[PDB]
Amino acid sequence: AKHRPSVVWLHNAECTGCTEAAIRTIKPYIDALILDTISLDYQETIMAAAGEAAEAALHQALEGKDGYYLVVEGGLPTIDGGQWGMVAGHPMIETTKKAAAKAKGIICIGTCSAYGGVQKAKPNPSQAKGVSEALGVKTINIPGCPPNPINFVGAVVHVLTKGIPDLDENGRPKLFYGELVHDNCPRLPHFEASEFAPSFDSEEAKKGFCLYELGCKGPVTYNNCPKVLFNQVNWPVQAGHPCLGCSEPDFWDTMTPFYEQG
């Protein structure tokens, strides 16, 4: 049997929305990916082993002879020597730091691992940081809250078969984050014609008018949402709701208030 590349997946300060996003993949499905393409050797949410046995699985993986790629979900809480976020009695920052030191590459799945995320929003009680922010390792960022599985799986496959994809300033692959949400939005004609919904109960809203007046952050957000959709069926603006800017660094503080413009 042909050897499959080892992938260690770490959970830090997170909601597991990025793991859930990942497993909505259909090109391929999650089973094909983990049976044919990669060897997923640590994943707290779905692995059989627990406790000491799980810890040993991680340490086995980290010591693999063919090396491993590191996926990180969640931010790193740094207050009190990292003790507000612990796995197997170790601070998450210490474990992530160990794992990042020998990784072939590091992929940050989600806005939390990439940039700090929800726990980092003011006043940031746990002193949460992004992976690159807290450690100073360079990361491939797949942000969104959560990212589309197309963007994460696509990045993973590219890294394993082609090399590092071209990244923007914020370390995001241009393949997926090269375009503004707004530039691909079907409501762009309404925007251009100054046809905005003033409220969600309005006739303008019922007619599918632009949501800019209602705080849509599409014009300042880099993501491929209208182009690829979510779950093969929909995206927020199609569902009549403004973009929150959820793939942008620190959006929780830069894009709020969500129903207003700056």
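For clarity, a rigid core is taken as the largest C-alpha set superposing within 1.5 Å between two forms. Just count from 1 along the sequence shown to find any residue number.
The segment moving more, judged by mean Cα distance from this form in 5 other deposited structures of this protein after a core overlay, is 132-140 among 132-140 and 164-172. As recorded in the PDB entry, 237-245 is the stretch of 18-26 and 237-245 with the greater mean C-alpha temperature factor. Taking only CA atoms, the mean B-factor in the PDB entry is higher for 246-254 than for the other of 246-254 and 6-14. Residue-level inspection of the entry shows that, of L58, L35, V220, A50, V220 has the top Cα B-factor. Across the residues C112, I106, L175, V87, the deposited record lists the maximum Cα B factor for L175. Ranked against the other modelled residues of its chain, the C-alpha B-factor of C216 as given in the entry falls in the highest third. Among the modelled residues of its chain, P189 has a C-alpha B-factor that falls in the highest third, as given in the PDB entry.
Per-chain ranking of the deposited C-alpha B factor places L76 in the lowest third. Sort the chain's modelled residues by C-alpha temperature factor and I46 lands in the lowest third, per the entry. Ranked by Cα temperature factor within the chain, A54 sits in the lowest third according to the deposited record.
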